[PDB]
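Read through the structure below, which is laid out as structure tokens, and then see the notes.
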Amino acid sequence: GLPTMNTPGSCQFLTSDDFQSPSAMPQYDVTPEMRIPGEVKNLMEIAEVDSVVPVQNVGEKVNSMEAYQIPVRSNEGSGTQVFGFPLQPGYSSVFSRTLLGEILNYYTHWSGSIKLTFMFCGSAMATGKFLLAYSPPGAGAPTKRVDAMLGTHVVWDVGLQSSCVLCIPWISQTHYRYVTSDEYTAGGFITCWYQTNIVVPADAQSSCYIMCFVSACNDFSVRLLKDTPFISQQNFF
Amino acid sequence: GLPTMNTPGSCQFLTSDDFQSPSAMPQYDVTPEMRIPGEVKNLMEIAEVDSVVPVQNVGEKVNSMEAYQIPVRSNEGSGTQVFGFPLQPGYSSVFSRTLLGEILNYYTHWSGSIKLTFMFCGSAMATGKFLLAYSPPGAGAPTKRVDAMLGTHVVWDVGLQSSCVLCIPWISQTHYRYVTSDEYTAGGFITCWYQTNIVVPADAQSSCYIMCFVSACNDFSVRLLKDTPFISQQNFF
Amino acid sequence: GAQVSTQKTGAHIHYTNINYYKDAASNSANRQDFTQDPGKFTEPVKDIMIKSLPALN
Amino acid sequence: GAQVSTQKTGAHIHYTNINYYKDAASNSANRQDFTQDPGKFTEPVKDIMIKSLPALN
Amino acid sequence: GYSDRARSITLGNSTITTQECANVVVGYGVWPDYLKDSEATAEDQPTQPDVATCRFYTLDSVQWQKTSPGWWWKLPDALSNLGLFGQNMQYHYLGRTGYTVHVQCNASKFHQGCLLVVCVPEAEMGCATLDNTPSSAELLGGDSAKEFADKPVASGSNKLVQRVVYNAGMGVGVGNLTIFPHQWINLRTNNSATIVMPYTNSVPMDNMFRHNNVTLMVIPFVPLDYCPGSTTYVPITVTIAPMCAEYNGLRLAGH
Amino acid sequence: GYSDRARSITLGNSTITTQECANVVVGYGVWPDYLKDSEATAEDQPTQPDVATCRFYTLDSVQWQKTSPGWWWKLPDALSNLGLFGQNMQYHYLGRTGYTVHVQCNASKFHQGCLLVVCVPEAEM
Amino acid sequence: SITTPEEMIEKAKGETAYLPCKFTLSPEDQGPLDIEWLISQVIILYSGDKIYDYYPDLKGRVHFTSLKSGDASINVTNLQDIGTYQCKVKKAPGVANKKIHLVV
Amino acid sequence: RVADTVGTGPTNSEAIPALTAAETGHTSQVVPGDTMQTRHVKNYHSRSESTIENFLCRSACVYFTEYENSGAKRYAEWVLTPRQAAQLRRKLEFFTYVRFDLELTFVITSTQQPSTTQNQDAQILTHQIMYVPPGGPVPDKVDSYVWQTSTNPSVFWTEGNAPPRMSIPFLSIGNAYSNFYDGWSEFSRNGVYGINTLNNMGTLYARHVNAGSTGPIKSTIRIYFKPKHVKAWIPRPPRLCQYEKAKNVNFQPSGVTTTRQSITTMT
Ligand SMILES: CCCCCCCCCCCCCCCC(=O)O
């Protein structure tokens with residue numbers, strides 16, 4: 001009879017504990033593993049892949065394939081805004097449904113860089129230049145191409161290589177940010193303007209589209225496992 | 001007083017656990033073992049033995065020794081069917097009561113080959129040839145000797161050696177099969193036709209019998225111990 | 001005086017065990033005893049029968 | 001026969017573990033397995049694409 | 001000194017050559033090979049034609065209009081009635097194979113469009129009714145196009161399949177379908193898309209007739225557009241080539 | 001110690017076993033093999049199923065009466081509609097192959113008869 | 001699992017109405033079999049391997065087409081009978097049911 | 001551990017890391033140092049909590065049922081399936097094939113039901129949980145000879161102690177559990193379509209060993225799954241449409257995402 005003493009925390013059930021337990025089927029021979037292609041070892045390999053972003057999620061576009069498309073055209077001006085949205089990868093309506101955004105909805109903290117790739121989907125005769133800009137929080141959304149230039153920007157020239165990559169870096173005071181909408185840990189703003197104007201010849205379409213893909217860099221991380229707010233079960237199916 | 005902590009799963013009774021317990025009769029002297037012949041160390045030594053198969057389990061034959069016998073005779077044709085049954089060693093009425101089949105009824109998964117031995121029990125003057133065939137699942141039972149030949153077959157010629165062995169091999173997509181009747185893991189079909197015709201001289205009987213024995217090969221295995229559905233107890237005897 | 005043995009794992013780990021009683025009928029069961037010999041039930045004949053040769057010549 | 005491993009600590013300790021069952025499906029989970037290989041999902045092409053060079057030349 | 005835009009593929013007695021292409025996607029980094037001796041389960045010896053099956057089969061073309069939702073094909077079901085590949089799978093019980101999907105769509109500089117080519121393993125699809133399940137010959141099509149449909153399919157007592165393009169018939173976001181090996185055809189640059197897929201399954205071999213390993217999908221994210229005068233009929237063509245195919249369990253023909 | 005009267009032949013997933021037989025005749029002393037590289041003429045690569053064709057196909061039986069003259073079969077024409085052998089020859093233009101003919105006729109000691117089994121190349125009729 | 005649980009059958013009057021309830025027993029399901037046909041209250045009942053012929057209007061009109069094999073369909077006649085028929089098959093581990101709507 | 005950011009400077013050259021082709025799958029492997037000037041920053045962040053083991057290995061309720069100690073409903077039964085709930089199912093349906101050992105936990109609680117009997121002085125209740133493999137005999141009633149549990153694994157629990165926990169080895173005839181199956185069980189291709197064809201996990205039975213009183217009492221059991229030693233293959237996109245049934249992937253078409261006001265709106 002070895003003398004022992006029970007500490008607080010006995011005979012309790014923890015949703016997240018790591019103990020051994022007696023097997024109910026002793027001396028069971030499992031099937032020998034075969035090599036199935038494409039093994040996942042971490043969730044940050046599912047997040048580093050591109051996913052089309054629904055930027056035009058306005059009105060009834062969400063019930064159509066039109067949501068993904070960004071409409072660009074030829075106008076008698078310059079410096080007009082194409083699109084803009086905030087940098088909230090888990091919470092913004094724009095990113096909530098993408099692979100990386102859905103992965104973030106299972107975590108509380110996120111920290112890293114963000115890649116944004118744009119592919120031009122117009123004619124092979126149409127040409128133009130765009131200004132892709134990222135503005136850090138402190139002063140509101142830039143309302144002009146001139147205010148946007150003062151922030152991190154990339155001038156994209158459409159040619160043989162249709163795609164372009166704007167890499168939003170980690171500028172934060174803290175080490176991590178909040179996936180949920182918060183005001184202390186604010187993200188920034190991402191806007192797109194016309195660096196020049198869309199140039200189209202005759203007998204070609206002057207109304208084109210762009211597509212946007214979002215992924216993570218090699219320095220992305222997440223923490224605090226939680227429950228996604230998206231799924232809802234009325235009753236046992 | 002060593003500080004400990006009780007994990008979930010304490011003070012429970014498991015029908016299948018492996019613990020030590022204080023002996024109720026301390027320092028008891030057991031009788032010295034003697035060598036009794038025929039020791040069993042595994043249940044797959046009881047299964048590798050031949051057992052007569054009741055193929056003719058039709059009508060009231062089950063209440064007679066007639067069930068074991070397969071009737072063959074002399075007919076003015078050829079290619080007629082002798083017998084046929086599916087490959088379900090644990091579930092088929094044909095094998096449910098044999099040694100191997102009864103052993104399988106205590107297990108959920110089975111995986112290996114199956115030996116089928118046939119012994120000719122006619123006169124020493126009667127002669128003939130038989131086609132023993134096994135068809136993999138995908139298309140239904142073969143209805144002709146010609147459809148049966150396209151599957152695994154053995155042409156048996158009756159002579160000095162009365163017995164013959166058709167070895168049904170393991171052709172499956174999975175590693176294991178289900179002892180219970182299932183449609184995903186289907187077995188196949190085993191049929192027997194007349195390769196030629198039974199040849200009998202005068203003053204000899206033209207109506208003979210065959211007998212079938214079933215056993216397992218050296219690669220048979222079973223898993224998931226369960227309760228046989230055959231025994232039923234109304235009350236404590 | 002503890003005994004270290006191997007755990008039952010799949011194909012394609014060690015565990016520790018100590019005996020706390022002095023009775024030898026208190027220990028756990030012997031689950032890892034994989035030894036077979038079907039030459040008693042199968043092939044129970046006097047003259048050995050080779051597979052390829054005929055049974056009765 | 002006990003295994004001593006490292007605890008999960010911050011940056012900028014050892015712990016002991018013994019297996020008490022003989023089943024290999026009774027042990028604790030494998031939480032410290034930090035191995036990645038995203039070259040399957042990302043960059044799944046035949047001809048290697050250098051970063052600095054053009055994609056289609 | 002050559003251009004990476006030019007590629008040639010030779011299989012059996014067939015060849016394909018491209019003037020403009022992007023690259024070749026090789027599945028999950030795996031090139032399709034044969035079944036090893038430590039992974040197999042069936043005992044009897046496999047057959048391997050090696051030339052009469054592993055070649056290029058060209059399915060029926062489909063017109064890309066200005067309002068086409070998209071198309072889908074089951075790779076095992078599509079080559080069921082084509083050449084000796086169909087005959088071998090008919091007689092045998094177990095079949096194991098890999099494929100490649102070369103999709104060709106050629107347009108002029110003035111034409112503008114975008115197509116997504118993705119292979120989906122175990123692409124189980126849902127029915128319009130919530131209680132019943134999709135009927136065969138409604139989900140499956142022999143050498144047939146099997147197009148999708150913008151807007152939901154009506155709910156009633158009918159084994160019709162839900163063909164919504166935005167949910168893709170699986171209930172998942174159409175945009176996130178880039179997790180599987182995917183290639184994009186951009187009329188202004190890419191003309192064709194090549195994808196190589198290794199055999200993927202939870203078992204070594206499977207019955208080709210009752211199970212489909214992968215589903216090829218072609219979805220126009222950006223519509224087709226042009227000006228009055230340019231050619232309106234713009235077709236898409238698909239060629240599939242089984243790779244390292246082997247069969248087991250020979251028996252009477254049928255399914 | 002066995003008896004030369006007993007023989008077994010295994011091809012593909014098929015087997016035949018005889019209790020009484022004479023011997024095996026091996027054609028013109030030649031065992032069938034594949035086409036060499038110095039004897040071939042076609043350039044494109046051949047297909048060789050090796051298991052799905054090279055097995056035993058069993059044709060329809062025939063009654064031997066007291067007044068039967070005899071029977072004849074064309075070996076290429078006979079296996080035209082049987083198994084995968086027929087399907088492969090249908091799709092392809094050129095086919096090269098060898099065969100074996102096991103003829104089975106079993107009777108009792110009291111029955112008396114004689115049958116001649118011969119293969120005739122280019123048996124133009 | 002009964003195939004096509006939600007189904008609607010339109011049959012003309014003076015023609016026998018054919019209602020099909022084919023099912024696939026689960027390997028997990030190993031219990032006594034009960035097949036019950038409801039008219040929305042029973043027309044026929046199969047229980048303990050016995051068939052019982054419940055509804056006065058459909059008496060002598062409702063009979064099974066085949067049950068043990070896996071087919072539990074009925075063939076009604078002399079339609080006048082507009083209603084919903086629910087085929088409920090019971091196994092001790094699991095249960096399933098199919099509802100068929102018949103017009104005229 | 002994550003990669004550390006390096007330091008670059010001003011650059012004027014022909015190199016084009018940003019410009020690329022998304023026609024090819026090739027996800028651009030660019031880093032911020034290619035499109036701006038960066039400082040050297042050591043990164044001690046570790047990719048540890050994101051591994052599949054830490055993602056899936058947490059207990060999660062999958063089914064809760066009731067039984068009584070008198071009347072008609074005297075025992076409970078449930079075929080083993082993780083698709084009864086939504087939270088565990090959605091997480092498992094990130095992958096096509098999974099292979100994991102299972103840790104099972106139960107939570108059994110009783111409640112005295114309204115009645116009019118008098119002098120009710122109950123005793124401690126003992127509950128028996130029994131598993132039947134695909135093919136095992138199933139109990140017709142609450143006093144059936146099936147409960148003898150000669151070979152079926154069972155567990156007995158006396159109300160008041162720590163919950164009962166047991167560990168289950170990977171049980172499958174295949175080489176991996178299949179979350180999604182595209183095909184049929186029957187070759188004729190006319191029957192059950194979907195994963196339902198593959199599933200065969202047996203049935204679970206729970207009941208009161210003793211009555212314990214003269215008044216009615218209703219017990220409830222909740223089952224908790226924990227995947228251990230997880231392996232996973234071929235990832236797939238998360239479920240957008242809400243679940244409808246447990247046997248199939250039947251869904252109702254829904255919006256790709258939520259809507260805002262304009263395309264330039266920040267909220
Ligand atoms: C009293 C003993 C109880 C023992 C019960 C054991 C039941 C095991 C059930 C395992 C279900 C696993 C299902 C996984 C399905 C999937 O991953 O797709």
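If you're wondering about the labels, chains in the structure tokens are A, B, ... by order shown, residues count from 1 in each chain, ligands from 1 in order shown.
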Selection within 7 Å of ligand 1 by only C-alpha atoms and all ligand atoms, output as a VMD selection string: (chain A and resid 24) or (chain H and resid 80 to 82 98 102 129 to 131 153 to 155 168 171 177 to 179 201 to 202 204)
May I have the selected residues written with C-alpha atoms, as an mmCIF file, in the first residue's frame?
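Contents of out-v1.cif, as written:
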```cif
data_model
loop_
_atom_site.group_PDB
_atom_site.id
_atom_site.type_symbol
_atom_site.label_atom_id
_atom_site.label_comp_id
_atom_site.auth_asym_id
_atom_site.auth_seq_id
_atom_site.Cartn_x
_atom_site.Cartn_y
_atom_site.Cartn_z
ATOM 1 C CA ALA A 24 -11.045 -2.107 -26.090
ATOM 2 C CA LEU H 80 -21.485 4.597 -35.051
ATOM 3 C CA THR H 81 -21.226 7.619 -37.436
ATOM 4 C CA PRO H 82 -19.408 11.014 -37.060
ATOM 5 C CA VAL H 98 -8.121 10.147 -43.099
ATOM 6 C CA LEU H 102 -10.168 6.862 -31.859
ATOM 7 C CA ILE H 129 -22.679 0.211 -22.601
ATOM 8 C CA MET H 130 -22.282 -2.634 -25.179
ATOM 9 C CA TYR H 131 -20.864 -2.599 -28.763
ATOM 10 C CA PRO H 153 -16.674 -5.465 -25.700
ATOM 11 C CA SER H 154 -18.766 -3.807 -23.009
ATOM 12 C CA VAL H 155 -18.325 -1.430 -20.077
ATOM 13 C CA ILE H 168 -10.135 2.093 -30.308
ATOM 14 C CA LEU H 171 -10.911 -0.318 -37.714
ATOM 15 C CA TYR H 177 -11.274 6.151 -43.966
ATOM 16 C CA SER H 178 -13.066 7.806 -46.867
ATOM 17 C CA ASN H 179 -14.953 11.046 -46.113
ATOM 18 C CA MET H 201 -19.032 0.818 -38.027
ATOM 19 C CA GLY H 202 -21.493 -1.408 -36.056
ATOM 20 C CA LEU H 204 -23.755 0.902 -29.742
#
```
Near residue 123 in chain H, counting only C-alpha atoms, which residues have an atom at most 9 Å away, once you skip same-chain residues fewer than 5 positions from it, shown as a ChimeraX atom specification? /H:211-213
What's around range 159-171 of chain B at 7 Å? Count only C-alpha atoms, leave out sequence neighbours fewer than 4 positions away in its own chain, and write the answer as a count of residues only. 14
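The smallest atom-to-atom distance between chain D and any of A:93, A:173, A:218, A:105, using only C-alpha atoms, is found for A:218.
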Contact check, chain E to chain B, at most 6 Å, counting only C-alpha atoms, closest pairs as a Markdown table:
```
| residue | atom | partner | partner_atom | distance |
| --- | --- | --- | --- | --- |
| E:42 | CA | B:171 | CA | 4.7 |
| E:43 | CA | B:170 | CA | 5.8 |
| E:93 | CA | B:138 | CA | 5.9 |
| E:203 | CA | B:174 | CA | 5.8 |
| E:205 | CA | B:173 | CA | 5.0 |
| E:206 | CA | B:173 | CA | 5.4 |
| E:251 | CA | B:151 | CA | 4.4 |
| E:252 | CA | B:150 | CA | 5.5 |
| E:254 | CA | B:139 | CA | 5.3 |
| E:255 | CA | B:139 | CA | 5.1 |
```
Please dump the current selection as an mmCIF file, in the first residue's frame; keep N, CA and C atoms.
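As written to disk, out-v4.cif reads:
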```cif
data_model
loop_
_atom_site.group_PDB
_atom_site.id
_atom_site.type_symbol
_atom_site.label_atom_id
_atom_site.label_comp_id
_atom_site.auth_asym_id
_atom_site.auth_seq_id
_atom_site.Cartn_x
_atom_site.Cartn_y
_atom_site.Cartn_z
ATOM 1 N N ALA E 42 -4.087 -8.496 -54.538
ATOM 2 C CA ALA E 42 -4.566 -9.586 -55.370
ATOM 3 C C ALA E 42 -3.420 -10.515 -55.723
ATOM 4 N N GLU E 43 -3.713 -11.809 -55.771
ATOM 5 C CA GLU E 43 -2.677 -12.801 -56.013
ATOM 6 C C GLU E 43 -2.430 -13.042 -57.492
ATOM 7 N N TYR E 93 -12.473 -7.526 -63.526
ATOM 8 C CA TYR E 93 -13.105 -7.110 -62.244
ATOM 9 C C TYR E 93 -12.369 -5.924 -61.606
ATOM 10 N N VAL E 203 -7.693 2.351 -51.654
ATOM 11 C CA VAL E 203 -7.436 0.894 -51.856
ATOM 12 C C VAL E 203 -6.504 0.725 -53.062
ATOM 13 N N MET E 205 -6.638 -1.367 -55.824
ATOM 14 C CA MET E 205 -7.376 -1.454 -57.117
ATOM 15 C C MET E 205 -8.877 -1.307 -56.845
ATOM 16 N N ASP E 206 -9.652 -0.864 -57.842
ATOM 17 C CA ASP E 206 -11.100 -0.625 -57.614
ATOM 18 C C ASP E 206 -11.881 -0.999 -58.874
ATOM 19 N N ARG E 251 -12.971 -12.259 -66.220
ATOM 20 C CA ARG E 251 -14.205 -13.080 -66.105
ATOM 21 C C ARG E 251 -15.094 -12.810 -67.323
ATOM 22 N N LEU E 252 -16.327 -13.322 -67.317
ATOM 23 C CA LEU E 252 -17.287 -13.052 -68.424
ATOM 24 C C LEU E 252 -17.527 -11.545 -68.563
ATOM 25 N N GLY E 254 -19.450 -7.860 -69.224
ATOM 26 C CA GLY E 254 -20.692 -7.268 -68.692
ATOM 27 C C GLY E 254 -20.439 -6.359 -67.504
ATOM 28 N N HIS E 255 -21.516 -5.830 -66.915
ATOM 29 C CA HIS E 255 -21.435 -4.919 -65.741
ATOM 30 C C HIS E 255 -22.823 -4.774 -65.104
#
```
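Counting only C-alpha atoms, residue 196 in chain B has the following residues at most 9 Å away, ignoring those fewer than 2 positions along the same chain: residues 77, 78, 79, 128, 129, 130, 131, 193, 194 and 198 of chain B; 61, 104, 105 and 106 of chain F.
Those residues of chain D that fall within 10 Å of chain C when using only C-alpha atoms read residues 1, 2, 3, 18, 19, 20, 21, 22, 23, 24, 25, 26 and 27 of chain D.
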For the residues in that selection, give me N, CA and C atoms as a PDB file, in the first residue's frame.
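Just written: result-v6.pdb:
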```pdb
ATOM      1  N   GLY D   1      12.234   1.427 -18.398  1.00  0.00           N
ATOM      2  CA  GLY D   1      12.451   1.921 -19.744  1.00  0.00           C
ATOM      3  C   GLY D   1      11.609   3.131 -20.084  1.00  0.00           C
ATOM      4  N   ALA D   2      12.061   4.299 -19.641  1.00  0.00           N
ATOM      5  CA  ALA D   2      11.332   5.548 -19.779  1.00  0.00           C
ATOM      6  C   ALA D   2      11.970   6.419 -20.850  1.00  0.00           C
ATOM      7  N   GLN D   3      11.145   7.215 -21.518  1.00  0.00           N
ATOM      8  CA  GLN D   3      11.601   8.122 -22.560  1.00  0.00           C
ATOM      9  C   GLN D   3      11.545   9.548 -22.040  1.00  0.00           C
ATOM     10  N   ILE D  18       6.291   7.046 -19.880  1.00  0.00           N
ATOM     11  CA  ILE D  18       6.359   5.591 -19.908  1.00  0.00           C
ATOM     12  C   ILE D  18       5.053   5.067 -20.484  1.00  0.00           C
ATOM     13  N   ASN D  19       5.116   3.993 -21.287  1.00  0.00           N
ATOM     14  CA  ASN D  19       3.905   3.358 -21.879  1.00  0.00           C
ATOM     15  C   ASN D  19       3.428   2.236 -20.944  1.00  0.00           C
ATOM     16  N   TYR D  20       2.185   2.323 -20.450  1.00  0.00           N
ATOM     17  CA  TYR D  20       1.644   1.325 -19.485  1.00  0.00           C
ATOM     18  C   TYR D  20       0.767   0.249 -20.149  1.00  0.00           C
ATOM     19  N   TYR D  21       0.552   0.304 -21.468  1.00  0.00           N
ATOM     20  CA  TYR D  21      -0.308  -0.715 -22.136  1.00  0.00           C
ATOM     21  C   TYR D  21       0.498  -1.459 -23.209  1.00  0.00           C
ATOM     22  N   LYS D  22      -0.048  -2.551 -23.765  1.00  0.00           N
ATOM     23  CA  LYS D  22       0.706  -3.253 -24.793  1.00  0.00           C
ATOM     24  C   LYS D  22       0.022  -3.208 -26.148  1.00  0.00           C
ATOM     25  N   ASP D  23      -0.569  -2.074 -26.501  1.00  0.00           N
ATOM     26  CA  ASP D  23      -1.453  -2.017 -27.646  1.00  0.00           C
ATOM     27  C   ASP D  23      -1.067  -1.006 -28.708  1.00  0.00           C
ATOM     28  N   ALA D  24      -0.272   0.005 -28.383  1.00  0.00           N
ATOM     29  CA  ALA D  24       0.258   0.960 -29.356  1.00  0.00           C
ATOM     30  C   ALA D  24      -0.821   1.874 -29.912  1.00  0.00           C
ATOM     31  N   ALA D  25      -2.079   1.572 -29.619  1.00  0.00           N
ATOM     32  CA  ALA D  25      -3.190   2.475 -29.857  1.00  0.00           C
ATOM     33  C   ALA D  25      -3.747   2.997 -28.552  1.00  0.00           C
ATOM     34  N   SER D  26      -3.004   2.828 -27.466  1.00  0.00           N
ATOM     35  CA  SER D  26      -3.350   3.369 -26.172  1.00  0.00           C
ATOM     36  C   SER D  26      -2.500   4.564 -25.793  1.00  0.00           C
ATOM     37  N   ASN D  27      -1.389   4.794 -26.480  1.00  0.00           N
ATOM     38  CA  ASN D  27      -0.499   5.871 -26.106  1.00  0.00           C
ATOM     39  C   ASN D  27      -1.173   7.221 -26.307  1.00  0.00           C
TER      40      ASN D  27
END
```
Filtered DSSP result for chain F, state strand (DSSP E or B), as an MDAnalysis selection string: chainID F and resid 7:11 14:18
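Residues of chain F assigned to alpha helix (DSSP H) by DSSP on this structure's backbone: residues 75, 76, 77, 78, 83, 84, 85, 86, 87, 88, 89, 90 and 91 of chain F.
All of the residues in chain E within 6 Å of chain H are residues 22, 122, 124, 126, 127, 130, 171, 172, 176, 183, 184, 202, 203, 210 and 211 of chain E, where only C-alpha atoms were counted.
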Selection to disk with N, CA and C atoms, as a PDB file, in the first residue's frame:
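Here's the written file part.pdb:
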```pdb
ATOM      1  N   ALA E  22       1.102  26.819 -71.296  1.00  0.00           N
ATOM      2  CA  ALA E  22       1.701  27.369 -70.060  1.00  0.00           C
ATOM      3  C   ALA E  22       2.817  26.440 -69.587  1.00  0.00           C
ATOM      4  N   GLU E 122     -12.967  11.954 -56.044  1.00  0.00           N
ATOM      5  CA  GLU E 122     -14.166  11.703 -55.198  1.00  0.00           C
ATOM      6  C   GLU E 122     -15.104  12.914 -55.245  1.00  0.00           C
ATOM      7  N   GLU E 124     -18.053  13.757 -55.274  1.00  0.00           N
ATOM      8  CA  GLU E 124     -19.456  13.331 -55.031  1.00  0.00           C
ATOM      9  C   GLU E 124     -20.352  14.546 -55.283  1.00  0.00           C
ATOM     10  N   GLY E 126     -24.392  16.406 -55.307  1.00  0.00           N
ATOM     11  CA  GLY E 126     -25.696  16.341 -54.623  1.00  0.00           C
ATOM     12  C   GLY E 126     -26.875  16.416 -55.575  1.00  0.00           C
ATOM     13  N   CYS E 127     -28.029  15.957 -55.089  1.00  0.00           N
ATOM     14  CA  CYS E 127     -29.343  15.928 -55.788  1.00  0.00           C
ATOM     15  C   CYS E 127     -30.162  17.194 -55.507  1.00  0.00           C
ATOM     16  N   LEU E 130     -33.607  17.119 -51.288  1.00  0.00           N
ATOM     17  CA  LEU E 130     -32.755  16.903 -50.090  1.00  0.00           C
ATOM     18  C   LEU E 130     -32.929  15.468 -49.582  1.00  0.00           C
ATOM     19  N   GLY E 171     -21.480  21.641 -53.188  1.00  0.00           N
ATOM     20  CA  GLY E 171     -21.790  22.502 -52.031  1.00  0.00           C
ATOM     21  C   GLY E 171     -20.587  23.291 -51.538  1.00  0.00           C
ATOM     22  N   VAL E 172     -19.536  23.418 -52.359  1.00  0.00           N
ATOM     23  CA  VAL E 172     -18.316  24.178 -51.952  1.00  0.00           C
ATOM     24  C   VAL E 172     -18.127  25.381 -52.884  1.00  0.00           C
ATOM     25  N   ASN E 176     -12.589  28.318 -54.564  1.00  0.00           N
ATOM     26  CA  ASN E 176     -11.641  27.510 -53.745  1.00  0.00           C
ATOM     27  C   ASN E 176     -11.298  26.174 -54.414  1.00  0.00           C
ATOM     28  N   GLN E 183      -5.248  24.209 -63.916  1.00  0.00           N
ATOM     29  CA  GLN E 183      -4.498  25.010 -64.923  1.00  0.00           C
ATOM     30  C   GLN E 183      -5.486  26.003 -65.549  1.00  0.00           C
ATOM     31  N   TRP E 184      -5.038  27.222 -65.861  1.00  0.00           N
ATOM     32  CA  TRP E 184      -5.965  28.263 -66.382  1.00  0.00           C
ATOM     33  C   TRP E 184      -5.718  28.476 -67.875  1.00  0.00           C
ATOM     34  N   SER E 202      -8.172   4.960 -51.790  1.00  0.00           N
ATOM     35  CA  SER E 202      -7.887   4.457 -50.419  1.00  0.00           C
ATOM     36  C   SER E 202      -7.612   2.950 -50.459  1.00  0.00           C
ATOM     37  N   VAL E 203      -7.693   2.351 -51.654  1.00  0.00           N
ATOM     38  CA  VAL E 203      -7.436   0.894 -51.856  1.00  0.00           C
ATOM     39  C   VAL E 203      -6.504   0.725 -53.062  1.00  0.00           C
ATOM     40  N   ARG E 210     -18.374   0.664 -61.197  1.00  0.00           N
ATOM     41  CA  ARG E 210     -19.232   1.223 -60.114  1.00  0.00           C
ATOM     42  C   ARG E 210     -18.576   2.402 -59.384  1.00  0.00           C
ATOM     43  N   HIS E 211     -17.304   2.710 -59.655  1.00  0.00           N
ATOM     44  CA  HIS E 211     -16.657   3.843 -58.937  1.00  0.00           C
ATOM     45  C   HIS E 211     -15.871   4.737 -59.905  1.00  0.00           C
TER      46      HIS E 211
END
```
